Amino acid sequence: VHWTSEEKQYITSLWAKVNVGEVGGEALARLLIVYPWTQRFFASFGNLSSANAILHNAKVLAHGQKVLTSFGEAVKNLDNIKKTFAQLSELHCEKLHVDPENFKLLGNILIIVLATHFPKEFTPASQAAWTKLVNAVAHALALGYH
């Protein structure tokens, strides 16, 4: 999506410092807590009955780690995002039937989490590149049926 060398640097530079397990657990827990309807898709994960239950839910945390690992595959190949997420697109759209709006919401949550973890590095300009990133992943996953 025509990344500038500067944008690519904001992304790869920050990601190298990211605790994927921690940021991933936070992002997914916050999705489930801030936008509670998303819990519909995680019935098998056990107790999600409160914010504290969700934050202590082992599978939520493990799953968040796998999700942020997936974002890492976008970071690692910024010019082939659409293709990298084709299979996941089919999964979320045809199998899981997750409305695409929720991809956007998870992206916004990740932006906020990155901000709490990297107060200094996450400048407005860094935010711009990372917002471009999460939106590109959301768009790629939305191709799944549109």
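The first residue of the sequence shown is number 1, and the count goes up from there.
Here 93 to 101 and 32 to 40 are compared by their mean Cα B-factor, and 93 to 101 comes out higher. The mean Cα B-factor in the deposited entry runs higher for 5 to 13 than for the other of 19 to 27 and 5 to 13. The residue among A86, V113, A62, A51 whose C-alpha atom has the highest B-factor in the PDB entry is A86. Going by the entry's values, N80 shows the largest Cα B-factor out of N47, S70, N108, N80.
Among all modelled residues in its chain, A129 ranks in the lowest third by Cα B-factor.
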